[PDB]
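Okay, input19.cif now, which holds mmCIF, C-alpha atoms:
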```cif
data_work
#
loop_
_atom_site.label_atom_id
_atom_site.label_comp_id
_atom_site.auth_asym_id
_atom_site.auth_seq_id
_atom_site.Cartn_x
_atom_site.Cartn_y
_atom_site.Cartn_z
CA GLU W 247 -173.20 -81.88 -115.87
CA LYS W 248 -176.01 -79.98 -117.57
CA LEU W 249 -174.70 -76.66 -116.26
CA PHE W 250 -171.22 -77.59 -117.49
CA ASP W 251 -172.60 -78.37 -120.94
CA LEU W 252 -174.48 -75.07 -121.00
CA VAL W 253 -171.36 -73.17 -119.93
CA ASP W 254 -169.18 -74.97 -122.48
CA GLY W 255 -171.80 -73.73 -124.90
CA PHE W 256 -170.27 -70.34 -124.09
CA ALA W 257 -166.61 -71.00 -124.82
CA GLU W 258 -166.51 -68.13 -127.31
CA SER W 259 -162.96 -66.84 -126.91
CA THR W 260 -160.16 -66.40 -124.37
CA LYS W 261 -162.28 -63.96 -122.37
CA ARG W 262 -165.42 -66.13 -122.35
CA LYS W 263 -163.45 -69.29 -121.59
CA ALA W 264 -161.54 -67.51 -118.82
CA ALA W 265 -164.79 -66.32 -117.24
CA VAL W 266 -166.30 -69.80 -117.53
CA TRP W 267 -163.21 -71.51 -116.07
CA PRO W 268 -163.94 -70.36 -112.50
CA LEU W 269 -167.45 -71.81 -112.73
CA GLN W 270 -166.33 -74.78 -114.83
CA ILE W 271 -163.85 -75.94 -112.19
CA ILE W 272 -166.49 -75.60 -109.47
CA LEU W 273 -168.98 -77.60 -111.52
CA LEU W 274 -166.35 -80.26 -112.17
CA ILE W 275 -165.68 -80.49 -108.43
CA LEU W 276 -169.43 -80.86 -107.94
CA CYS W 277 -169.05 -84.15 -109.84
CA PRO W 278 -166.65 -86.46 -107.95
CA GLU W 279 -167.02 -89.63 -110.03
CA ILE W 280 -166.68 -87.60 -113.24
CA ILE W 281 -163.40 -86.13 -111.99
CA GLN W 282 -162.23 -89.65 -111.13
CA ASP W 283 -163.18 -90.89 -114.59
CA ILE W 284 -161.50 -88.05 -116.52
CA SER W 285 -158.05 -89.22 -115.43
CA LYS W 286 -158.61 -92.61 -117.07
CA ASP W 290 -165.19 -91.25 -122.39
CA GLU W 291 -166.48 -89.25 -125.35
CA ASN W 292 -169.08 -87.76 -123.01
CA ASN W 293 -166.12 -86.70 -120.84
CA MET W 294 -164.06 -85.19 -123.69
CA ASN W 295 -164.97 -81.53 -123.11
CA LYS W 296 -164.16 -81.73 -119.39
CA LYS W 297 -160.75 -83.26 -120.09
CA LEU W 298 -160.24 -80.51 -122.68
CA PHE W 299 -161.13 -77.78 -120.14
CA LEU W 300 -158.66 -79.09 -117.50
CA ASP W 301 -156.01 -79.02 -120.28
CA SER W 302 -156.81 -75.34 -121.08
CA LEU W 303 -156.52 -74.45 -117.35
CA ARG W 304 -153.20 -76.33 -116.81
CA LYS W 305 -151.89 -74.96 -120.16
CA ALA W 306 -152.59 -71.32 -119.18
CA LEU W 307 -151.17 -72.15 -115.71
CA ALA W 308 -147.96 -73.57 -117.22
CA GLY W 309 -147.15 -70.09 -118.53
CA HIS W 310 -147.06 -71.32 -122.12
CA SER W 313 -151.55 -65.54 -122.23
CA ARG W 314 -151.39 -63.36 -119.12
CA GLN W 315 -155.18 -63.02 -118.80
CA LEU W 316 -155.79 -66.74 -119.33
CA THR W 317 -153.05 -67.58 -116.83
CA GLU W 318 -154.50 -65.18 -114.25
CA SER W 319 -158.01 -66.62 -114.62
CA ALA W 320 -156.65 -70.17 -114.40
CA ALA W 321 -154.69 -69.29 -111.27
CA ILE W 322 -157.80 -67.75 -109.69
CA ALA W 323 -159.81 -70.88 -110.53
CA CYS W 324 -157.12 -73.19 -109.14
CA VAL W 325 -157.01 -71.16 -105.92
CA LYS W 326 -160.75 -71.76 -105.69
CA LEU W 327 -159.96 -75.44 -106.26
CA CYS W 328 -157.56 -75.41 -103.32
CA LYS W 329 -160.12 -73.62 -101.14
CA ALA W 330 -162.81 -76.17 -102.00
CA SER W 331 -160.38 -79.05 -101.46
CA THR W 332 -159.87 -77.62 -97.99
CA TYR W 333 -163.62 -78.04 -97.52
CA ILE W 334 -163.21 -81.48 -99.08
CA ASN W 335 -162.79 -84.33 -96.61
CA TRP W 336 -159.19 -84.49 -95.40
CA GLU W 337 -159.58 -88.10 -94.24
CA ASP W 338 -161.42 -88.97 -97.47
CA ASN W 339 -159.21 -87.28 -100.05
CA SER W 340 -160.95 -89.07 -102.95
CA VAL W 341 -157.97 -87.99 -105.09
CA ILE W 342 -159.31 -84.45 -104.85
CA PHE W 343 -156.19 -83.60 -102.86
CA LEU W 344 -154.15 -85.46 -105.49
CA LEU W 345 -155.89 -83.53 -108.28
CA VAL W 346 -155.11 -80.28 -106.46
CA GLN W 347 -151.48 -81.26 -105.86
CA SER W 348 -151.16 -81.99 -109.58
CA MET W 349 -151.34 -78.20 -110.13
CA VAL W 350 -150.30 -76.86 -106.70
CA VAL W 351 -146.65 -76.74 -107.81
CA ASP W 352 -147.52 -74.39 -110.68
CA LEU W 353 -149.61 -72.17 -108.40
CA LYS W 354 -146.75 -71.96 -105.89
CA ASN W 355 -144.26 -71.15 -108.66
CA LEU W 356 -146.63 -68.43 -109.83
CA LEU W 357 -147.79 -66.56 -106.72
CA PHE W 358 -144.87 -67.38 -104.40
CA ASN W 359 -142.16 -66.56 -106.93
CA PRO W 360 -140.30 -63.43 -105.75
CA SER W 361 -138.65 -62.59 -109.07
CA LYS W 362 -141.84 -63.31 -110.99
CA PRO W 363 -144.38 -60.49 -110.48
CA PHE W 364 -147.81 -61.23 -109.07
CA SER W 365 -151.12 -60.38 -110.74
CA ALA W 371 -155.73 -58.51 -105.96
CA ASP W 372 -152.43 -60.28 -105.33
CA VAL W 373 -152.97 -60.12 -101.57
CA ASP W 374 -156.35 -61.87 -101.62
CA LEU W 375 -155.34 -64.77 -103.84
CA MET W 376 -151.95 -65.13 -102.16
CA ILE W 377 -153.55 -65.33 -98.71
CA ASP W 378 -156.22 -67.74 -99.93
CA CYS W 379 -153.59 -70.04 -101.43
CA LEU W 380 -151.36 -69.88 -98.35
CA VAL W 381 -154.25 -70.58 -95.98
CA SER W 382 -155.43 -73.48 -98.15
CA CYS W 383 -151.93 -74.94 -98.38
CA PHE W 384 -151.56 -74.72 -94.61
CA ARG W 385 -154.98 -76.29 -94.10
CA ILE W 386 -154.22 -79.26 -96.36
CA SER W 387 -150.48 -79.38 -95.59
CA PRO W 388 -149.50 -77.90 -92.22
CA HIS W 389 -146.17 -79.75 -92.14
CA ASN W 390 -145.25 -78.58 -95.66
CA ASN W 391 -144.46 -74.99 -94.68
CA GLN W 392 -142.04 -74.32 -97.54
CA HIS W 393 -143.87 -71.29 -98.94
CA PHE W 394 -144.09 -69.77 -95.47
CA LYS W 395 -140.39 -70.39 -94.85
CA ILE W 396 -139.74 -68.60 -98.14
CA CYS W 397 -141.90 -65.72 -96.90
CA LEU W 398 -139.58 -65.33 -93.89
CA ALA W 399 -136.80 -63.94 -96.07
CA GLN W 400 -135.21 -60.50 -96.22
CA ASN W 401 -135.17 -60.69 -100.02
CA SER W 402 -138.89 -61.55 -99.91
CA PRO W 403 -141.01 -58.45 -100.60
CA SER W 404 -142.92 -56.56 -97.95
CA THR W 405 -146.01 -57.75 -99.81
CA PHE W 406 -144.84 -61.30 -99.06
CA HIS W 407 -144.62 -60.40 -95.38
CA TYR W 408 -148.05 -58.75 -95.44
CA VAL W 409 -149.58 -61.80 -97.10
CA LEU W 410 -147.93 -64.07 -94.53
CA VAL W 411 -149.23 -61.91 -91.66
CA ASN W 412 -152.72 -62.01 -93.12
CA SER W 413 -152.38 -65.79 -93.47
CA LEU W 414 -151.37 -66.27 -89.84
CA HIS W 415 -154.09 -63.86 -88.69
CA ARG W 416 -156.90 -65.57 -90.58
CA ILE W 417 -155.56 -68.86 -89.28
CA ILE W 418 -156.03 -67.34 -85.83
CA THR W 419 -159.19 -65.51 -86.99
CA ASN W 420 -162.52 -67.17 -88.01
CA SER W 421 -161.90 -70.73 -89.19
CA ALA W 422 -164.11 -73.82 -88.91
CA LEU W 423 -162.90 -76.26 -86.23
CA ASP W 424 -162.54 -78.91 -88.92
CA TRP W 425 -159.51 -80.93 -90.01
CA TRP W 426 -158.20 -77.35 -90.43
CA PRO W 427 -155.04 -77.08 -88.30
CA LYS W 428 -154.92 -74.66 -85.36
CA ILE W 429 -152.62 -71.73 -84.53
CA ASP W 430 -150.03 -74.30 -83.40
CA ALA W 431 -147.31 -75.59 -85.76
CA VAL W 432 -146.50 -71.92 -86.44
CA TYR W 433 -144.31 -71.12 -83.41
CA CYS W 434 -141.31 -72.68 -85.16
CA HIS W 435 -140.85 -69.23 -86.72
CA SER W 436 -141.87 -67.07 -83.72
CA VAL W 437 -138.32 -65.81 -83.20
CA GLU W 438 -138.08 -64.67 -86.80
CA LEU W 439 -141.64 -63.34 -86.48
CA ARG W 440 -140.56 -60.89 -83.76
CA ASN W 441 -137.35 -60.42 -85.80
CA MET W 442 -139.54 -58.90 -88.54
CA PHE W 443 -141.42 -56.36 -86.44
CA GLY W 444 -138.02 -55.39 -85.07
CA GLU W 445 -136.67 -55.19 -88.62
CA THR W 446 -139.51 -52.81 -89.41
CA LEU W 447 -138.29 -50.88 -86.34
CA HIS W 448 -141.23 -48.58 -87.06
CA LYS W 449 -139.44 -46.83 -89.94
CA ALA W 450 -142.12 -44.14 -90.25
CA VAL W 451 -140.92 -42.62 -86.98
CA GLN W 452 -137.58 -44.42 -87.36
CA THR W 482 -140.34 -43.51 -101.17
CA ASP W 483 -144.02 -42.90 -100.44
CA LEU W 484 -145.04 -46.36 -101.66
CA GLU W 485 -142.52 -48.01 -99.33
CA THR W 486 -143.73 -45.94 -96.37
CA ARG W 487 -147.40 -46.70 -97.07
CA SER W 488 -146.62 -50.40 -97.44
CA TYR W 489 -144.72 -50.36 -94.16
CA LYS W 490 -147.58 -48.58 -92.38
CA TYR W 491 -150.18 -51.06 -93.64
CA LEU W 492 -147.87 -53.94 -92.72
CA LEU W 493 -147.48 -52.40 -89.26
CA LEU W 494 -151.24 -52.23 -88.82
CA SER W 495 -151.46 -55.85 -89.94
CA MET W 496 -148.90 -57.04 -87.39
CA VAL W 497 -150.68 -55.04 -84.68
CA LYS W 498 -153.98 -56.71 -85.54
CA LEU W 499 -152.08 -60.01 -85.48
CA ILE W 500 -150.95 -59.31 -81.93
CA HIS W 501 -154.57 -58.46 -81.18
CA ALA W 502 -155.54 -61.91 -82.45
CA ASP W 503 -152.77 -63.72 -80.56
CA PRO W 504 -150.13 -62.54 -78.07
CA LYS W 505 -148.44 -65.94 -77.87
CA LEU W 506 -147.14 -65.59 -81.43
CA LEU W 507 -144.40 -63.14 -80.46
CA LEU W 508 -144.17 -63.72 -76.69
CA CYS W 509 -141.96 -66.81 -77.13
CA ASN W 510 -138.91 -64.92 -75.84
CA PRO W 511 -136.63 -67.25 -73.85
CA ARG W 512 -133.72 -64.93 -74.71
CA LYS W 513 -134.64 -62.44 -71.99
CA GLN W 514 -132.33 -62.90 -69.01
CA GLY W 515 -130.24 -59.74 -68.78
CA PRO W 516 -129.50 -57.25 -71.56
CA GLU W 517 -131.33 -59.60 -73.93
CA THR W 518 -134.55 -58.59 -72.17
CA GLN W 519 -134.19 -55.15 -73.76
CA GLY W 520 -134.26 -57.13 -77.01
CA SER W 521 -137.19 -59.29 -75.92
CA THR W 522 -140.75 -59.17 -74.54
CA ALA W 523 -139.62 -55.91 -72.98
CA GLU W 524 -138.47 -54.63 -76.39
CA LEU W 525 -141.80 -55.75 -77.84
CA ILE W 526 -143.82 -53.89 -75.22
CA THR W 527 -141.56 -50.83 -75.52
CA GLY W 528 -141.87 -50.64 -79.29
CA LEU W 529 -145.61 -51.07 -79.00
CA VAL W 530 -145.83 -48.28 -76.42
CA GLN W 531 -143.98 -45.83 -78.66
CA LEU W 532 -146.89 -46.03 -81.15
CA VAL W 533 -149.42 -44.45 -78.76
CA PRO W 534 -147.85 -40.95 -78.69
CA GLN W 535 -147.47 -41.07 -82.48
CA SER W 536 -149.80 -38.52 -84.07
CA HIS W 537 -148.75 -39.38 -87.64
CA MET W 538 -151.03 -42.45 -87.80
CA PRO W 539 -154.04 -42.46 -85.43
CA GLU W 540 -155.62 -45.77 -86.42
CA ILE W 541 -152.42 -47.67 -85.69
CA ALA W 542 -152.30 -45.78 -82.39
CA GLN W 543 -155.76 -47.02 -81.43
CA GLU W 544 -154.83 -50.53 -82.55
CA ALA W 545 -151.54 -50.52 -80.63
CA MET W 546 -153.23 -49.11 -77.53
CA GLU W 547 -155.91 -51.81 -77.64
CA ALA W 548 -153.18 -54.40 -78.23
CA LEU W 549 -151.32 -53.23 -75.14
CA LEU W 550 -154.55 -53.55 -73.16
CA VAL W 551 -154.98 -57.07 -74.56
CA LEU W 552 -151.45 -58.22 -73.76
CA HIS W 553 -151.84 -56.72 -70.31
CA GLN W 554 -154.36 -59.38 -69.28
CA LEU W 555 -153.11 -61.69 -66.54
CA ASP W 556 -153.28 -64.60 -68.97
CA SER W 557 -151.00 -62.67 -71.29
CA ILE W 558 -148.97 -61.47 -68.31
CA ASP W 559 -148.02 -65.04 -67.37
CA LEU W 560 -146.64 -65.53 -70.88
CA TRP W 561 -143.81 -63.04 -70.36
CA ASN W 562 -141.22 -64.24 -67.87
CA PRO W 563 -141.09 -67.95 -66.95
CA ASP W 564 -138.72 -67.34 -64.02
CA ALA W 565 -140.17 -64.37 -62.14
CA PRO W 566 -143.14 -63.03 -64.14
CA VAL W 567 -144.18 -60.70 -61.31
CA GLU W 568 -140.89 -58.77 -61.28
CA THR W 569 -140.55 -58.33 -65.05
CA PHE W 570 -144.25 -57.47 -65.22
CA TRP W 571 -143.92 -54.77 -62.58
CA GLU W 572 -140.72 -53.31 -64.06
CA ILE W 573 -142.01 -53.18 -67.64
CA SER W 574 -145.36 -51.78 -66.52
CA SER W 575 -143.44 -49.10 -64.65
CA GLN W 576 -141.37 -48.37 -67.77
CA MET W 577 -144.43 -47.86 -69.96
CA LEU W 578 -146.19 -45.88 -67.22
CA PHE W 579 -143.13 -43.62 -67.11
CA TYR W 580 -143.21 -43.03 -70.84
CA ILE W 581 -146.96 -42.40 -70.94
CA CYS W 582 -146.79 -39.99 -68.01
CA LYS W 583 -143.91 -38.01 -69.52
CA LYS W 584 -145.84 -37.76 -72.78
CA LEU W 585 -149.04 -36.66 -71.01
CA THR W 586 -147.32 -34.04 -68.85
CA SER W 587 -145.59 -32.87 -72.03
CA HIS W 588 -149.14 -31.94 -73.14
CA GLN W 589 -148.96 -32.94 -76.81
CA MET W 590 -151.78 -35.50 -76.54
CA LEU W 591 -154.35 -34.27 -79.06
CA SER W 592 -156.32 -37.43 -78.24
CA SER W 593 -155.65 -37.24 -74.51
CA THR W 594 -159.18 -38.43 -73.75
CA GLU W 595 -158.77 -41.88 -75.30
CA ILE W 596 -155.24 -42.12 -73.92
CA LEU W 597 -156.49 -41.44 -70.40
CA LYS W 598 -159.35 -43.91 -70.84
CA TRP W 599 -156.92 -46.63 -71.88
CA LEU W 600 -154.63 -45.67 -69.02
CA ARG W 601 -157.53 -46.16 -66.62
CA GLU W 602 -157.99 -49.61 -68.12
CA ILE W 603 -154.28 -50.34 -67.74
CA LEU W 604 -154.38 -49.27 -64.10
CA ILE W 605 -157.49 -51.38 -63.49
CA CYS W 606 -155.80 -54.45 -64.92
CA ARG W 607 -152.56 -53.70 -63.06
CA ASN W 608 -154.47 -53.61 -59.77
CA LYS W 609 -156.42 -56.75 -60.69
CA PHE W 610 -153.14 -58.58 -61.27
CA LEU W 611 -151.80 -57.18 -58.00
CA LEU W 612 -154.87 -58.58 -56.22
CA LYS W 613 -154.38 -61.94 -57.94
CA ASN W 614 -150.73 -62.02 -56.87
CA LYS W 615 -151.43 -60.93 -53.29
CA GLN W 616 -154.19 -63.50 -52.84
CA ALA W 617 -151.77 -65.98 -54.42
CA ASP W 618 -148.73 -64.74 -52.47
CA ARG W 619 -149.12 -61.93 -49.94
CA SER W 620 -145.51 -60.78 -50.34
CA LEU W 625 -144.59 -55.73 -55.01
CA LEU W 626 -143.29 -55.80 -51.44
CA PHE W 627 -139.60 -55.05 -52.01
CA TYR W 628 -140.03 -53.88 -55.64
CA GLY W 629 -141.88 -50.64 -54.94
CA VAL W 630 -143.22 -50.85 -51.38
CA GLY W 631 -139.82 -51.23 -49.72
CA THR W 676 -132.23 -45.23 -57.43
CA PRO W 677 -135.49 -45.56 -55.49
CA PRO W 678 -137.83 -48.42 -56.45
CA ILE W 679 -139.03 -48.04 -60.04
CA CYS W 680 -142.62 -48.68 -58.93
CA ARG W 681 -142.50 -45.73 -56.53
CA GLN W 682 -141.24 -43.40 -59.27
CA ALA W 683 -143.90 -44.72 -61.64
CA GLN W 684 -146.65 -44.13 -59.09
CA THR W 685 -145.26 -40.64 -58.57
CA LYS W 686 -145.51 -39.98 -62.31
CA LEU W 687 -149.04 -41.42 -62.11
CA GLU W 688 -150.20 -39.03 -59.41
CA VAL W 689 -148.42 -36.07 -61.00
CA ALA W 690 -150.14 -36.69 -64.33
CA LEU W 691 -153.46 -37.27 -62.55
CA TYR W 692 -153.23 -33.91 -60.79
CA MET W 693 -152.42 -32.49 -64.22
CA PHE W 694 -155.64 -33.85 -65.73
CA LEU W 695 -158.01 -32.08 -63.32
CA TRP W 696 -156.49 -28.93 -64.85
CA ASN W 697 -157.20 -30.04 -68.43
CA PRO W 698 -159.40 -27.36 -70.06
CA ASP W 699 -161.59 -30.16 -71.47
CA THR W 700 -164.62 -31.52 -69.62
CA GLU W 701 -164.72 -35.33 -69.98
CA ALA W 702 -161.19 -35.80 -68.60
CA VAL W 703 -162.52 -34.90 -65.15
CA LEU W 704 -164.16 -38.25 -64.46
CA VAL W 705 -161.20 -39.90 -66.20
CA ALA W 706 -158.84 -38.39 -63.62
CA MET W 707 -161.20 -39.31 -60.77
CA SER W 708 -161.84 -42.96 -61.59
CA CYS W 709 -158.05 -43.20 -61.72
CA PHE W 710 -157.88 -41.71 -58.23
CA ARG W 711 -160.37 -44.36 -57.11
CA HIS W 712 -158.21 -47.11 -58.60
CA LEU W 713 -155.03 -45.66 -57.09
CA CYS W 714 -156.77 -45.84 -53.71
CA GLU W 715 -157.91 -49.38 -54.51
CA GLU W 716 -154.38 -50.58 -55.34
CA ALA W 717 -153.01 -49.10 -52.13
CA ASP W 718 -155.80 -50.87 -50.24
CA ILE W 719 -154.98 -54.17 -51.97
CA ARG W 720 -151.26 -53.80 -51.24
CA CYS W 721 -152.18 -53.65 -47.54
CA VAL W 726 -153.46 -51.16 -40.52
CA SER W 727 -153.75 -47.55 -41.68
CA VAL W 728 -153.97 -46.94 -45.42
CA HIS W 729 -152.70 -43.40 -44.83
CA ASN W 730 -149.28 -44.93 -44.14
CA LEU W 731 -148.98 -45.08 -47.95
CA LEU W 732 -151.24 -42.32 -49.29
CA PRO W 733 -151.98 -39.89 -46.44
CA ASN W 734 -154.73 -38.02 -48.31
CA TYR W 735 -156.73 -41.17 -49.14
CA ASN W 736 -159.91 -39.52 -47.85
#
```
Give the structure from the file, written as C-alpha cells.
Amino acid sequence: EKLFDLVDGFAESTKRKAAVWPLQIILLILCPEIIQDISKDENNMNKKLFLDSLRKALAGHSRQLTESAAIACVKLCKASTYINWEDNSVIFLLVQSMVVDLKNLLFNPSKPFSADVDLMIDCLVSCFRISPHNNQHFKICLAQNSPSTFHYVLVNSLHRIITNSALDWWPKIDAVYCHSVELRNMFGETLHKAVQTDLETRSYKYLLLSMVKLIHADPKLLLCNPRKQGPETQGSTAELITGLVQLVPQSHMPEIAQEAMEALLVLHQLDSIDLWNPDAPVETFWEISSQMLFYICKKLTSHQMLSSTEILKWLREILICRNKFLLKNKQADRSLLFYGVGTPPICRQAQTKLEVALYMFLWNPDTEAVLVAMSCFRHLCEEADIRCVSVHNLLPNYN
C-alpha cells in the first residue's frame, strides 16, 4: 500500500501513469483483501481510479496508454496463473473481467498488434493455463486467414507449454491433440515455400524453425496420423518424415538444417518409432528409413554436401539407432526377415546405397570423415551380426 501511494505520487502524465501501471497492477495484486474491497473506501479511491484508467485505455476509448494497459493486464493474467487455481479468490474473476478486451485486442486479425510475439504468447499461455477447455483463441489461430504471425505465436505457445513449465495446476501437453491433424496440415501448407516478398519468406523461415523446434520438443504432436493406410501414407507420418528429410540437403538455411537433422534423430528413437504405425510399425519403419537413407545417399554421392561432416555424423547416429531398434525387434521377435533379408527388397537397395556412400567417404579429401566412414562400417557389421552360422553369408568381407 505504501509503495502504491508513493507510485501514485508519480502520476504526472500519460507517460508516467503508463509506466506506473505495470507496477501499480502488481502492487494491487500484492494486496488481496484490498482488491476484494475495491469492487464494493476513501482510502481505496486512488486504486479504484487506477483500475478505471487501465480498463478505459484497454477499452480503446490513446495508443500508448492502451499498449501499456494491455502489457499490464497480460502481467495480471500471468500472475493469476501463479495464483491458486483451486482458490481463485476472485482473482480469476477480476482477470476475466478484462480478458475479453485483451483477447479482442491481441487476437483480433483485422486489428493490428502492437513485441507482439512476446505478449501474444504470454497471453495465450496464461489463457490455456487458467482455461484449457476454452481454446477459442487457439481455434481462431488455426485459420488460413489468420496471419503467419498468429501461427508463429501459436507454435511458440504450444512449445512453451511443452517446454519449461511448473508442474502446478498448469495443464499438460494433453488437451491439444484435438488440433493435431490441422497442426500437420499447417506444416504441409507451408510446404517449405523457400525451396518450394522478402518479409514473407523470412517470416516463413522463422516459422519453419519454430515448428522444427516444436517437433524437437514433442513428436507426438504431429504423429497422430491414423490416415496412413495406402496412398494416404504418402500424405502422413511418411510425408512428415520425407518433408523433414528434404531440409538436410538444403544449403540455403543451415540452422534449420541442423535443427531438422536433430529432429530426425529425435523422432528416430524407438519410443518415437512406435508412434508411427499402429498396425505394423516395423514394416513402415523399415520402409521409411530406407526411403530417407536412399535420399541421403544420393545427395552424398552427388557430392554437394558442404557440411558433409555433420551429415555423416548424424547418419552414423541414425544407423546406430536403426540397429538398436533392429536388436530390440529381434530380441522381441526373431523374425526384417522378408523385408530386406529375403523390385528387390527396399532394405537391400538402401544398404547398397549405404555401402556405396561409405566407400565414397574414405575417398573424401577431408580428414575427419575417415573415422566417420569407419564407425559406420563397424555398425554395418554390427547390424548384420544382429540380423543373424557364418556372417559372411551376408557381408563376405566382414573381416
When you look at stretch 631-679 of chain W with a cut-off of 9 Å (counting only C-alpha atoms), what residues show up, excluding the ones that are within fewer than 5 positions of it in the same chain? I need them as a count of residues only. 7
On this file, the PyMOL selection byres ((chain W and resi 434-437) around 10) gives some set of residues; write that set as a PyMOL selection string. chain W and resi 394-395+398+430-433+438-442+505-512+521
List as an NGL selection string the protein and nucleic acid residues near stretch 527-541 of chain W, meaning an atom at most 9 Å away when all atoms listed in the file are counted, but skip any in the same chain fewer than 4 places from it. :W and (444 or 447-448 or 450-451 or 490-491 or 493-494 or 497 or 519 or 522-523 or 545-546 or 548-549 or 573 or 576-577 or 580-581 or 584-585 or 589-592 or 596)
Emit the selected residues as an mmCIF file, in the coordinates of the input, including C-alpha atoms.
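Written out: result.cif:
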```cif
data_model
loop_
_atom_site.group_PDB
_atom_site.id
_atom_site.type_symbol
_atom_site.label_atom_id
_atom_site.label_comp_id
_atom_site.auth_asym_id
_atom_site.auth_seq_id
_atom_site.Cartn_x
_atom_site.Cartn_y
_atom_site.Cartn_z
ATOM 1 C CA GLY W 444 -138.020 -55.390 -85.070
ATOM 2 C CA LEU W 447 -138.290 -50.880 -86.340
ATOM 3 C CA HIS W 448 -141.230 -48.580 -87.060
ATOM 4 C CA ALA W 450 -142.120 -44.140 -90.250
ATOM 5 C CA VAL W 451 -140.920 -42.620 -86.980
ATOM 6 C CA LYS W 490 -147.580 -48.580 -92.380
ATOM 7 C CA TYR W 491 -150.180 -51.060 -93.640
ATOM 8 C CA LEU W 493 -147.480 -52.400 -89.260
ATOM 9 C CA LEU W 494 -151.240 -52.230 -88.820
ATOM 10 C CA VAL W 497 -150.680 -55.040 -84.680
ATOM 11 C CA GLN W 519 -134.190 -55.150 -73.760
ATOM 12 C CA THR W 522 -140.750 -59.170 -74.540
ATOM 13 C CA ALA W 523 -139.620 -55.910 -72.980
ATOM 14 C CA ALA W 545 -151.540 -50.520 -80.630
ATOM 15 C CA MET W 546 -153.230 -49.110 -77.530
ATOM 16 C CA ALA W 548 -153.180 -54.400 -78.230
ATOM 17 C CA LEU W 549 -151.320 -53.230 -75.140
ATOM 18 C CA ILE W 573 -142.010 -53.180 -67.640
ATOM 19 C CA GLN W 576 -141.370 -48.370 -67.770
ATOM 20 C CA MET W 577 -144.430 -47.860 -69.960
ATOM 21 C CA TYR W 580 -143.210 -43.030 -70.840
ATOM 22 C CA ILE W 581 -146.960 -42.400 -70.940
ATOM 23 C CA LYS W 584 -145.840 -37.760 -72.780
ATOM 24 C CA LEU W 585 -149.040 -36.660 -71.010
ATOM 25 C CA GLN W 589 -148.960 -32.940 -76.810
ATOM 26 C CA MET W 590 -151.780 -35.500 -76.540
ATOM 27 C CA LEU W 591 -154.350 -34.270 -79.060
ATOM 28 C CA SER W 592 -156.320 -37.430 -78.240
ATOM 29 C CA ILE W 596 -155.240 -42.120 -73.920
#
```
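This file, queried with the PyMOL selection byres ((chain W and resi 250) around 9), gives the residues residues 247, 248, 249, 251, 252, 253, 254, 255, 269, 270, 273, 274 and 296 of chain W.
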Residues returned when the PyMOL selection byres ((chain W and resi 686-697) around 6) runs on this file, as number ranges by chain: W: 582, 586, 683-685, 698-699, 703, 706
Which distance in Å separates atom CA of residue W:568 and atom CA of residue W:612, to one decimal? 14.9 Å
Write out as a VMD selection string the residues lying within 7 Å of residue W:346, counting all atoms listed in the file and excluding same-chain residues fewer than 4 positions away. chain W and resid 327 to 328 342 350
For residue W:257, which residue out of W:413, W:594, W:302, W:587 is the nearest one, using all atoms listed in the file?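 Using all atoms listed in the file, residue W:257 sits closest to W:302.
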Give me the residues within 8 Å of residue W:358 as an MDAnalysis selection string, counting all atoms listed in the file and dropping any in the same chain fewer than 5 places off. chainID W and resid 353 376 393
Atom pair atom CA of residue W:700 + atom CA of residue W:550, distance 24.5 Å
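What separates atom CA of residue W:488 from atom CA of residue W:314 is a distance of 25.7 Å.
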Excluding stretch 365-375 of chain W and residues on its chain fewer than 3 positions from it, collect all residues at most 8 Å away from it, counting all atoms listed in the file, and give them as a PDB file with C-alpha atoms, keeping the file's coordinate frame.
```pdb
ATOM      1  CA  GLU W 318    -154.500 -65.180-114.250  1.00  0.00           C
ATOM      2  CA  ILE W 322    -157.800 -67.750-109.690  1.00  0.00           C
ATOM      3  CA  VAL W 325    -157.010 -71.160-105.920  1.00  0.00           C
ATOM      4  CA  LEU W 357    -147.790 -66.560-106.720  1.00  0.00           C
ATOM      5  CA  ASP W 378    -156.220 -67.740 -99.930  1.00  0.00           C
ATOM      6  CA  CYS W 379    -153.590 -70.040-101.430  1.00  0.00           C
ATOM      7  CA  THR W 405    -146.010 -57.750 -99.810  1.00  0.00           C
ATOM      8  CA  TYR W 408    -148.050 -58.750 -95.440  1.00  0.00           C
ATOM      9  CA  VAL W 409    -149.580 -61.800 -97.100  1.00  0.00           C
TER      10      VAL W 409
END
```
My structure is short of atoms at stretch 627-678 of chain W; please model N, CA and C atoms there, returning them as an mmCIF file, in the coordinates of the input.
```cif
data_model
loop_
_atom_site.group_PDB
_atom_site.id
_atom_site.type_symbol
_atom_site.label_atom_id
_atom_site.label_comp_id
_atom_site.auth_asym_id
_atom_site.auth_seq_id
_atom_site.Cartn_x
_atom_site.Cartn_y
_atom_site.Cartn_z
ATOM 1 N N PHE W 627 -140.905 -55.675 -51.941
ATOM 2 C CA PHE W 627 -139.600 -55.050 -52.010
ATOM 3 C C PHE W 627 -139.288 -54.415 -53.358
ATOM 4 N N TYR W 628 -140.215 -54.462 -54.313
ATOM 5 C CA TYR W 628 -140.030 -53.880 -55.640
ATOM 6 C C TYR W 628 -140.890 -52.645 -55.847
ATOM 7 N N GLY W 629 -141.036 -51.810 -54.821
ATOM 8 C CA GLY W 629 -141.880 -50.640 -54.940
ATOM 9 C C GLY W 629 -142.641 -50.278 -53.682
ATOM 10 N N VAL W 630 -142.584 -51.139 -52.667
ATOM 11 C CA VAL W 630 -143.220 -50.850 -51.380
ATOM 12 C C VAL W 630 -142.173 -50.946 -50.284
ATOM 13 N N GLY W 631 -140.916 -51.145 -50.673
ATOM 14 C CA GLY W 631 -139.820 -51.230 -49.720
ATOM 15 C C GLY W 631 -139.508 -52.638 -49.270
ATOM 16 N N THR W 676 -130.938 -45.817 -57.104
ATOM 17 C CA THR W 676 -132.230 -45.230 -57.430
ATOM 18 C C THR W 676 -133.348 -45.849 -56.598
ATOM 19 N N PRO W 677 -134.330 -45.038 -56.217
ATOM 20 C CA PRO W 677 -135.490 -45.560 -55.490
ATOM 21 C C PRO W 677 -136.215 -46.613 -56.307
ATOM 22 N N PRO W 678 -137.110 -47.398 -55.689
ATOM 23 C CA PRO W 678 -137.830 -48.420 -56.450
ATOM 24 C C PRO W 678 -138.558 -47.832 -57.650
#
```
